[PDB]
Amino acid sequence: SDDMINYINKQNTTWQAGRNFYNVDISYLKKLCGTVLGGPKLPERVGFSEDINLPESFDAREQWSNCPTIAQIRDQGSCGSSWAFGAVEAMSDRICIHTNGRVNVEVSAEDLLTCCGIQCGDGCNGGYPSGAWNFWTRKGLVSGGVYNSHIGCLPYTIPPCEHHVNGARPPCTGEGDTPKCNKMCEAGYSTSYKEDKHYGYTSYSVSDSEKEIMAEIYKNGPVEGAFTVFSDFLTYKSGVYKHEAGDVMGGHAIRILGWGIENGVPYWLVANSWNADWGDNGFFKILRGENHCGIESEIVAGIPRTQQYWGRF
């Protein structure tokens, strides 16, 4: 309802609002916020920021241009899979970063969404980012591109929904069920699913310390994190998101990949998985520092087990 978009703009807040969705059923917006918050956390990382001389601004993208993934923007469709996307997005980034761009793959959102089982949650109905990472360690995940990309072993099977256009009336609606874990690479991929699994050494929590999260990103790479979604976030267009109005939608995970200061306001550079046309080309900035919406509460990350790539790369 446009009324809010205007109230927001009229407030003269750190961010600028506009309309991102057309012809969408509430259920869709609900399924978009696919993250059950407050899950049991992983053991916290030692902490080491004190040594790293953190710059004022960072952007993983510029830092590791040799890693295309760090700018790729996925689409979760009408599935409450963000918990999964934020994970595999960060994972793909690190595999590259940690191998100096010699190894570059797209970790399958599909494999995680369907094969994790109960350990992660309820697939398309929302899951826990913690489990996703803890799974990457135990059973690993194969490669897999975007919907109909035919890239990798298991591309995402849940179809996109052009919620940014306007025409074909069938309103997007958060439906569908979590597909069955078909442990089998798409016909045409030349290598056994079992022999495609990419593993990680270990997954961990990052304290809710602004400086610590910063060090983790700068040293080891982009990380997953979740936050509370409020109606108005849905209208983000640019600027530094600072919850101004609207009620609570639900939780939502994402990939934090940088920080900086804009117009005095400190901000986290975040990549959303609501299709490349949402907000600032798929990305958005949120208030940094004062644990806004809990953006600094549930930081998860991991280090890709580099070993299995040597003899092959």
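Residues carry their position along the shown sequence, with the first being 1.
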Quick check: 17-25 versus 295-303, which has the larger average CA B-factor in the record? 17-25
For the C-alpha atoms alone, is the average B factor greater in 175-183 or in 90-98, going by the entry? 175-183
Could you check 284, 48, 64, 58 and tell me which one carries the biggest Cα B-factor in the deposited entry? 48
Checking the entry, which one of 222, 200, 117, 144 has the top C-alpha B factor? 117
Taking only the Cα B-factors deposited for this chain, tell me whether residue 44 sits in the lowest, middle or highest third. middle
Ranked by Cα temperature factor within the chain, is residue 229 in the lowest third, the middle third or the highest third? lowest
If you rank every modelled residue in this chain by C-alpha B factor, which third holds residue 245: lowest, middle or highest? middle
Splitting the chain's C-alpha B-factors into thirds, which one does residue 131 fall into? middle
What third of its chain, lowest, middle or highest, does the C-alpha temperature factor of residue 54 fall into? highest
